[PDB]
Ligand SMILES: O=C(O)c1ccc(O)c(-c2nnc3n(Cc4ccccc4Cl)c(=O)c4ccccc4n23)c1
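One chain is shown next in structure tokens, namely the form solved without the named molecule.
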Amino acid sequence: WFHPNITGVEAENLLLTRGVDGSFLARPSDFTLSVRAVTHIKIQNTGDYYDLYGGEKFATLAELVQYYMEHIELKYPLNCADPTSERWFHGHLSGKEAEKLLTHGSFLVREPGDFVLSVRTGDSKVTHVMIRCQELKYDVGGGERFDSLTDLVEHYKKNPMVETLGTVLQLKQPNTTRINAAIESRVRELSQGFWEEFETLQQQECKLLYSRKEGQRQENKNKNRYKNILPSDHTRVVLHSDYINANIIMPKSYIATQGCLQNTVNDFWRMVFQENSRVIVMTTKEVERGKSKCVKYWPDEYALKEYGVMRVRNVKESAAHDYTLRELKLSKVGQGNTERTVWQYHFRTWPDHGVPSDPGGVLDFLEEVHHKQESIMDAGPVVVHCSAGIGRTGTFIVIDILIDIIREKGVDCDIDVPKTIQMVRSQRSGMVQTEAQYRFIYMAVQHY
């Protein structure tokens, strides 16, 4: 249902000719939901979530579409044929280059008007299968003809081609992003190249296996800052009544969470204590563009506040250019020996929309956070929150994970930004929201 390189007119004709009523598609415009008369519904994503006009806020475009197909009718997704966003698709490439690149089950489809399925087999050889394209459909020389190269690949992923002498041409996996640290050259090549690689990652949203059940419960709706933006049930924080919109991220561990609500302040301190977290990363202001993003869950400097069964002291506040650092002290009301310092690094210079022009400041912040975390024996996950706990939270954890690798291996390590994002998304959907953030992660790793 997502079409990466179409226009409003192309979409309008597609839905009128190849579609019916209830038929819909999505496309980059910022996104547009084109439904069939043909209506165009705007989707904006400045970095926190997908905000549909006259609709709701979502972690992914696929979560958005799944919700409106279940609850202007979204009934029939009008499928896209362009293979540009598929991992296996290389477009322009020769046989030799594909042979050398592939040098088991590893495949690709390359490019008169015809395509070539190059597959590796071993314990080795590279088999090239021609794909004829006649009157818009695709085929391997006989049998079934496919509406798109996608239908072809998925048909042969399930049903592999058998070579004359019994060789199974398995379609297992498509890696063109695992660059060695060195980054400078890759950033130049992706400079767009970044948007192309970003939407390939977006096309991998629905491959992820996750449930959102506990967050959809009656007793837990009030505990969600955005009703549709929910934690993954397999990695959610269970409080030992048990609910918080938070997930554990394990590549140093992190807890990705939303900005505190007035009714979730006590549950946030119950989580920090239980998890033995000593570092909080706040990547948002309490209020941005007149809307509240997170409530003040920490006392004023020198003050002491009781938050349910938890007691928090604000020892000292230390201002830096980009951030404030609050030395907090947490204990359970009743038992004195339960006390520990909790350090809250509150980044305040993040723009209301988009990303910082330079990642220097973010990189100084994360460096400080990392050394404060490494200075504490038996320390729990680093708590990271923004507004929804997916956009900024995701950009901060991904940059932190990748620089963690470059700290322990040096300028000689193999990094894969989209592979890291997909892995984090497997633990909380929507982690890293926009293409601008995606590019900022590359620029951050570059500047580091």
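All residue numbers are counted from 1 along the displayed sequence.
Keep in mind the form solved in complex with the named molecule is missing from the figure; the text below concerns it.
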With the partner left out of view, is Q66 within 4.5 angstroms of the named molecule in the deposited bound form by any non-hydrogen atom?
yes
Any non-hydrogen atom of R212 within 4.5 angstroms of the named molecule in the deposited bound form:
yes
With the cut-off set at 4.5 Å between non-hydrogen atoms, does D412 touch the named molecule in the deposited bound form?
no
Counting only non-hydrogen atoms and a 4.5 angstroms cut-off, does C294 reach the named molecule in the deposited bound form?
no
In the deposited bound form, the residue from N228, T150, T235, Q373 with a non-hydrogen atom within 4.5 Å of the named molecule is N228
Which of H71, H321, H240, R188 has a heavy atom within 4.5 Å of the named molecule in the deposited bound form?
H71
Name the stretch, out of 312 to 320, 241 to 249, 125 to 133, 202 to 210, where some heavy atom lies within 4.5 Å of the named molecule in the deposited bound form.
202 to 210
